[PDB]
Amino acid sequence: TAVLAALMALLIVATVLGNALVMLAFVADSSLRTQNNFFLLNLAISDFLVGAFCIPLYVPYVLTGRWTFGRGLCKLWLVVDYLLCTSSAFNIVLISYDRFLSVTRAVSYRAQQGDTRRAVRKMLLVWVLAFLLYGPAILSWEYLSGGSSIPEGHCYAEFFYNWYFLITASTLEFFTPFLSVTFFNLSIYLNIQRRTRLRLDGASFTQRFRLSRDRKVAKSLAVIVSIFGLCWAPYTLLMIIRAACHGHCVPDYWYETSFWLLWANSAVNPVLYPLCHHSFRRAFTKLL
Amino acid sequence: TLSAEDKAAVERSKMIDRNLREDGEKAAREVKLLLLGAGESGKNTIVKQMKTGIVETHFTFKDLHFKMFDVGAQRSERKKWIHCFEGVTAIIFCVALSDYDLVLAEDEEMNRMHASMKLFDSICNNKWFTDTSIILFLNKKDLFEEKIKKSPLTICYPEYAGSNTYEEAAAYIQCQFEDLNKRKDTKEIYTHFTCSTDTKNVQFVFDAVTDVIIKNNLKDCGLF
Amino acid sequence: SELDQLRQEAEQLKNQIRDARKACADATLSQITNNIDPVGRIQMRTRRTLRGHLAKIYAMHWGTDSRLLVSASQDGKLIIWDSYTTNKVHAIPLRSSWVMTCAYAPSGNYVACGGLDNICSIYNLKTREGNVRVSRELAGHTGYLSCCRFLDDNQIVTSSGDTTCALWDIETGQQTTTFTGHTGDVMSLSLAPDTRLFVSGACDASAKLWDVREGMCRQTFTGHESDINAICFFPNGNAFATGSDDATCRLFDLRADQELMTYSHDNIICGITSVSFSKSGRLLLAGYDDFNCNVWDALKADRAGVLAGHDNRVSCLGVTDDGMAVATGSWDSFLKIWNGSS
Amino acid sequence: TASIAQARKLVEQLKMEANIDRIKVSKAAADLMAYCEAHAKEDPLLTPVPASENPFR
Amino acid sequence: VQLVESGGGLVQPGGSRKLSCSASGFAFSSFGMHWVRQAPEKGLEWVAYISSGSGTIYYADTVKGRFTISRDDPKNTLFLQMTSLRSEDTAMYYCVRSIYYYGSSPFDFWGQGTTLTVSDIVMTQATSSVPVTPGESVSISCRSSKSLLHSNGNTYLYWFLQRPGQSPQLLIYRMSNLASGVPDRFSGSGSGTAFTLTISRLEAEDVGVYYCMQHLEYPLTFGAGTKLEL
Ligand SMILES: CC(C)CCC[C@@H](C)[C@H]1CC[C@H]2[C@@H]3CC=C4C[C@@H](O)CC[C@]4(C)[C@H]3CC[C@]12C
Ligand SMILES: CC(C)CCC[C@@H](C)[C@H]1CC[C@H]2[C@@H]3CC=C4C[C@@H](O)CC[C@]4(C)[C@H]3CC[C@]12C
Ligand SMILES: CC(C)CCC[C@@H](C)[C@H]1CC[C@H]2[C@@H]3CC=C4C[C@@H](O)CC[C@]4(C)[C@H]3CC[C@]12C
Ligand SMILES: CC(C)CCC[C@@H](C)[C@H]1CC[C@H]2[C@@H]3CC=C4C[C@@H](O)CC[C@]4(C)[C@H]3CC[C@]12C
Ligand SMILES: CC(C)CCC[C@@H](C)[C@H]1CC[C@H]2[C@@H]3CC=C4C[C@@H](O)CC[C@]4(C)[C@H]3CC[C@]12C
Ligand SMILES: NCCc1c[nH]cn1
């Protein structure tokens, strides 16, 4: 029993300070004002609030088994939890799309880089669109479908066992983002490989270093697609599958295991995007 | 809390800030190239193909604007102003292949090719151009071919065990300049053979600049 | 024969000057100011941050009203700031973006700048048309323009990388006097408060004192081991301080004709870019390559404090005429205004 | 005859610099110390003014 | 610097008229613009203001909702669209440029004006007329209901001179500064709510009406005006 409490507490510690360093290093360095640097901050803020609000408030629901914070506070938690997770997936598309334009529209990417007005507009669009996907649906489902089918002491979405809504919402939440991230991280790899082929034909240690660097990027792009898919696909698939059979065909402990995978993604993200960034590592050493 | 004129002054500052950003965005689409080289090395002939102090050349190739700066007139100390060009997209270096056997006029005992190597070594290994790629132009290739038949490369390179064919002689000189680079991981050298009648030199710069910009973009986006 | 004999006489004259300076070196400034109490710790906070330059800032100069300042950056923009409000008063687009120096006229009606284009451009700030226009372009230097300072609305002194300084008549556009004698690129100059003399520091590691009206070098000051990048007169005009690439600042005396004090630390191994004095002259502020500005005790050669607010080279600094604040410009494209609190 | 012409100018310049009157370093040091003492109170950087008198609050 | 107004003339009550102000010889887009009108045998009255960049627009209460002020920066033209014109709008309308930065001189240049005929801080100039003789010193007093001294140290009081047949010209801006092209004999002195304009060694050209204007806040209000006569 105490093992589970330690692991959940460890996830809170890793997620909070892990995404706090990105926010702290953003303020500390005044040169981290590019569009890509703001998008990494947006992803860090979304994951930081997961480990500071959603995860700590959900601990009693696991240890005790019943929600004791009231029905009114449950709706607040559901809206925030779905908003933060959805915004995390939309920031990944925003980051991958930004890297797509660095290789395709390379000349305009360098010119538009550093315009904070463009970055803030895209950051706000991510949060607003994340809220509209699940926010109104969670709040207005009870008041428009009649009563509430949620038993007392339980806190989950009204559409928990719905079949048509989950597949429709997940398509705009994970299915479309996953294909966009896969396409963006594949076009980048194709351009890098194609560009190096012409360079070798047009033209030692420099050529060997360039080939090795491309392979390093190839592994970097594969991990980004895999980790995003690995954390999100199980829970997304289980929600649709379990909805059809109403929990009969899905073991109860499988649902909880896949539920925490998405929150685990909010801890991996600081390691993947900000740490691997050239400029953020320099700002990390300046603070420590 | 501001007065009527203070609000108008603040509004004027906002207008200035808006115009500064537009100028910065317009200047961010320009490719700044630093043009270097020794005298009689085809440096002026390159500018013709590309179409009292610093001389600036502007040309556009395939929706890309290039600003090329010539600092040959500056006879002052290079180190006092070479940091002003930190952050250029690339450095264009011009070397005359036909000057492999010629001797520098001022010294009367120093080979011209060795003079270019010292200039190339200092610029390539300068602390302000650690991450700056270099576009290398080896001009006078047609005249170099004629001088090879008369004068072998042994005059310029006593320790040269290669043949006297044009292809081997030209390739050996290209490798010698690329061996002077100590920042092989952080920068790349693009070498091209140019002539007076060549018209693909602008295409080579455009391809070399696009490769440098993409690598910088990948570095800025965290992939590199 | 004649050439060999003459160069031997120069060595004899150099020894004569060195002996003369040693004769009057009875005491040291350090010994004289040992009894006085130290200035303590000087703590200054960033009151203002001036944002809007998009490239390395290379020069700044306060106006005489202690409120307006002009800064030059290699984004091709001259900006005039209202330091009290951080409002931008003007934005002057430069024809050549490779600016290295800028000056604010004491009247406030003109600003000047110039760099690798070998030109000192004069800009009129008070026109009936409501815009800043070029009024004069001073051509004649064969090297980059390193520093410029107005004497009045019609006269300006420029130092160049062609080893010479010049005094210009702005109305006619011609240099009335040429100051020759430096064997290296002159990197900076400072005007005496009465504008009858000025000192210049060059890359020959020497500082020369020039008479503006007479047009000759009065005294030569040596002692630095590398290029001098910065120079500033003491507020009473009887001394000046220099900054070099050897990580040292030296205080030279005009009347004693020799160095009085050296300002260096073992941790400091970077070159010095800018130097200035406080209004009373008790503090010597120096900008460094290590991104910091060190405040020195001029009399006791003690590092009084540090201004650490920039992420790149501190390229320039200046203290207002009333002594209220100090501005620091940097390669990180920001300007900061500093002063202490009780 | 460029070197010989430059040599005469350099020698002549050193004559002017060697004929100046030099005061003692102690005299020069005292003058610098006196000026700093006399103007110490009117130096805001040396002695920061109260926040009411600071234009850069 | 030139400011030429056009479009004025006799109009029917309740009609509409479009006034134009063409600018030449200065950077029009850098200046804020005001419309100021003057009823026949009356003082100056501020109408509207449009800032540089067209971001800020102010109107007087007596014209708000009926008048529209606009500018065409590429054409260097200032516009005043008027609707529902009343007999109270019969006045000469002046085009005034004003630039605002630290140390600037707003209201420095006025246009010649165009005449339209239709079929709040209080600034007081009690002395309507003053008999004067050449070579003698004259003082003109102005009062304000509110203190024109701002917390930043500025006192936003302006002095104008309108010679007979001519447009107003700026004499003193911010209560002490002397406008460009104005002889040094004019001097502005004031404190708080009481201000004095001193004219040493009066000359024939100085004869005219003097107006004190406040620029502390909108709407900008003028004094009645003090006339100097020989
Ligand atoms: C920092 C690392 C250790 C975090 C790892 C997160 C995962 C692997 C941990 C943290 C919280 C843990 C869960 C805590 C609660 C439950 C509910 C219980 O009925 C089944 C086990 C289950 C589902 C645990 C499975 C493993 C778990 C999800
Ligand atoms: C439950 C919520 C409201 C708790 C507060 C979280 C949000 C509002 C807080 C926490 C971290 C904060 C960010 C920390 C760092 C920066 C960088 C700075 O240059 C702009 C402000 C900004 C971007 C802050 C915005 C507000 C912020 C995102
Ligand atoms: C664009 C995004 C950031 C906007 C987010 C707005 C959120 C934070 C606000 C707007 C609407 C608010 C909800 C309005 C109604 C309810 C139902 C009540 O019984 C509990 C509070 C709760 C659940 C509120 C929670 C907070 C809430 C969801
Ligand atoms: C639990 C609910 C309330 C969380 C709501 C999160 C939203 C409202 C917060 C969290 C992150 C915040 C953003 C963080 C960073 C920036 C960049 C800054 O230059 C403008 C504000 C802006 C764009 C913030 C806007 C508001 C913001 C999007
Ligand atoms: C109902 C809505 C929320 C479902 C749509 C979800 C996906 C498809 C939306 C939500 C966030 C959106 C992104 C937000 C911002 C940008 C930056 C813009 O310059 C290109 C499009 C891009 C990259 C959008 C692509 C599409 C996007 C990822
Ligand atoms: N829609 C994402 C809800 C969730 C899953 N795991 C944690 N939170």
# chains A, B, ... in the order shown; residues from 1 in each chain; ligands from 1
$ residues_near_ligand --ligand "ligand 5" --cutoff "9 Å" --atoms "only C-alpha atoms and all ligand atoms" --output "MDAnalysis selection string"
chainID A and resid 86:87 89:98 118:119 121:134 169 171:174 176:177 180
$ residues_around --residues "stretch 232-245 of chain A" --least-positions-apart "2" --cutoff "8 Å" --atoms "only C-alpha atoms" --output "list in words"
residues 160, 161, 162, 163, 166, 167, 170, 174, 228, 229, 230, 247, 248, 249, 250, 255, 258, 259, 261 and 262 of chain A
$ atom_distance --atom1 "atom CA of residue B:70" --atom2 "atom CA of residue B:44"
9.5 Å
$ closest_atom_pairs --of "chain E" --to "chain C" --cutoff "9 Å" --atoms "only C-alpha atoms" --output "CSV"
residue,atom,partner,partner_atom,distance
E:1,CA,C:129,CA,7.0
E:25,CA,C:129,CA,6.6
E:26,CA,C:129,CA,4.0
E:27,CA,C:129,CA,5.8
E:28,CA,C:130,CA,8.5
E:30,CA,C:130,CA,7.1
E:31,CA,C:130,CA,7.7
E:99,CA,C:130,CA,7.8
E:101,CA,C:89,CA,5.9
E:102,CA,C:89,CA,6.7
$ select_by_dssp --residues "stretch 16-126 of chain C" --states "alpha helix (DSSP H)" --output "PyMOL selection string"
chain C and resi 16-23+29-32
$ closest_atom_pairs --of "chain B" --to "chain C" --cutoff "6 Å" --atoms "only C-alpha atoms" --output "Markdown table"
| residue | atom | partner | partner_atom | distance |
| --- | --- | --- | --- | --- |
| B:13 | CA | C:88 | CA | 4.9 |
| B:53 | CA | C:117 | CA | 4.5 |
| B:54 | CA | C:117 | CA | 5.5 |
| B:76 | CA | C:161 | CA | 5.6 |
$ residues_near_ligand --ligand "ligand 2" --cutoff "6 Å" --atoms "only C-alpha atoms and all ligand atoms" --output "ChimeraX atom specification"
/A:23,27,45
$ write_last_selection --atoms "C-alpha atoms" --output "PDB file, in the first residue's frame"
ATOM      1  CA  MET A  23       9.569  27.981 -16.511  1.00  0.00           C
ATOM      2  CA  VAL A  27      12.451  33.905 -16.987  1.00  0.00           C
ATOM      3  CA  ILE A  45       3.086  25.091 -17.988  1.00  0.00           C
TER       4      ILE A  45
END
$ residues_near_ligand --ligand "ligand 1" --cutoff "12 Å" --atoms "only C-alpha atoms and all ligand atoms" --output "compact mmCIF listing (two decimals) with C-alpha atoms, in the first residue's frame"
# COMPACT_ATOMS: atom_id res chain seq x y z
CA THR A 1 0.00 0.00 0.00
CA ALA A 2 2.75 2.44 0.98
CA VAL A 3 4.57 1.53 -2.25
CA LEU A 4 1.73 3.03 -4.31
CA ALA A 5 1.72 6.22 -2.23
CA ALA A 6 5.48 6.64 -2.73
CA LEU A 7 5.20 6.22 -6.51
CA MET A 8 2.37 8.75 -6.79
CA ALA A 9 4.31 11.20 -4.62
CA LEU A 10 7.41 10.59 -6.75
CA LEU A 11 5.41 11.44 -9.88
CA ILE A 12 4.30 14.71 -8.27
CA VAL A 13 7.89 15.60 -7.33
CA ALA A 14 9.26 14.81 -10.79
CA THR A 15 6.47 16.58 -12.68
CA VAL A 16 6.36 19.75 -10.58
CA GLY A 18 10.79 19.11 -13.73
CA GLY A 51 1.48 17.62 -11.31
CA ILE A 55 -2.45 14.60 -9.59
CA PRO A 56 -2.46 15.83 -5.94
CA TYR A 58 -6.72 12.66 -7.40
CA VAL A 59 -4.66 10.89 -4.71
CA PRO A 60 -7.61 10.55 -2.26
CA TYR A 61 -9.71 9.04 -5.07
CA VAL A 62 -7.17 6.19 -5.26
CA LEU A 63 -6.21 5.64 -1.61
CA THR A 64 -9.78 5.90 -0.30
CA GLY A 65 -11.67 4.77 -3.41
CA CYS A 231 1.48 7.10 -23.41
CA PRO A 251 -10.32 -5.46 -16.27
CA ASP A 252 -10.72 -2.73 -13.66
CA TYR A 253 -6.99 -2.51 -12.89
CA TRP A 254 -6.17 -2.06 -16.59
CA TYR A 255 -8.14 1.20 -16.68
CA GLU A 256 -6.17 2.72 -13.80
CA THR A 257 -2.86 1.64 -15.34
CA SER A 258 -3.69 3.38 -18.63
CA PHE A 259 -5.14 6.38 -16.76
CA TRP A 260 -1.74 7.26 -15.27
CA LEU A 261 0.12 6.81 -18.57
CA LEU A 262 -1.08 10.21 -19.79
CA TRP A 263 0.11 11.83 -16.56
CA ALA A 264 3.41 9.99 -17.03
CA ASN A 265 3.69 11.72 -20.42
CA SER A 266 3.63 15.08 -18.61
CA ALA A 267 6.86 14.08 -16.85
CA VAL A 268 8.63 12.73 -19.94
$ closest_residue --among "B:211, B:99, B:17, B:25" --to "residue B:147" --atoms "only C-alpha atoms"
B:99
$ residues_around --residues "residue B:64" --least-positions-apart "4" --cutoff "9 Å" --atoms "only C-alpha atoms" --output "PyMOL selection string"
(chain A and resi 107) or (chain B and resi 29-31+59-60+206)
$ residues_around --residues "stretch 137-147 of chain A" --least-positions-apart "6" --cutoff "9 Å" --atoms "only C-alpha atoms" --output "PyMOL selection string"
chain A and resi 75-76+78-79+157-159
$ interface_residues --of "chain E" --to "chain B" --cutoff "9 Å" --atoms "only C-alpha atoms" --output "list in words"
residues 30, 32, 51, 52, 53, 55, 56, 99, 100, 101, 102, 150, 151, 152, 156, 215, 216, 217 and 218 of chain E
$ closest_residue --among "A:68, A:88, A:207, A:36" --to "ligand 6" --atoms "only C-alpha atoms and all ligand atoms"
A:88
$ closest_atom_pairs --of "chain C" --to "chain D" --cutoff "6 Å" --atoms "only C-alpha atoms" --output "CSV"
residue,atom,partner,partner_atom,distance
C:3,CA,D:4,CA,5.4
C:10,CA,D:11,CA,5.3
C:17,CA,D:18,CA,5.3
C:24,CA,D:24,CA,4.5
C:25,CA,D:25,CA,5.3
C:27,CA,D:26,CA,5.5
C:29,CA,D:29,CA,5.3
C:47,CA,D:56,CA,5.9
C:219,CA,D:17,CA,5.6
C:255,CA,D:22,CA,5.6
C:256,CA,D:22,CA,5.0
C:279,CA,D:43,CA,5.5
C:280,CA,D:39,CA,5.1
C:281,CA,D:36,CA,5.9
C:282,CA,D:36,CA,5.5
C:323,CA,D:44,CA,5.8
C:324,CA,D:44,CA,5.1
C:340,CA,D:48,CA,5.2
C:341,CA,D:48,CA,5.2
C:342,CA,D:48,CA,5.5
$ closest_residue --among "A:282, A:185, A:206, A:198" --to "residue A:223" --atoms "only C-alpha atoms"
A:185
$ atom_distance --atom1 "atom CA of residue A:47" --atom2 "atom CA of residue A:114"
23.8 Å
$ closest_residue --among "A:73, A:80, A:224, A:218" --to "ligand 6" --atoms "only C-alpha atoms and all ligand atoms"
A:80
$ interface_residues --of "chain C" --to "chain A" --cutoff "12 Å" --atoms "only C-alpha atoms" --output "PyMOL selection string"
chain C and resi 49+51+54-55+309-312+331-334
$ atom_distance --atom1 "atom CA of residue B:202" --atom2 "atom CA of residue B:96"
18.0 Å
$ residues_around --residues "stretch 190-195 of chain C" --least-positions-apart "5" --cutoff "12 Å" --atoms "only C-alpha atoms" --output "VMD selection string"
chain C and resid 103 106 146 to 152 155 to 159 165 167 200 to 201 207 to 213 229 to 242 254 274 to 277 321
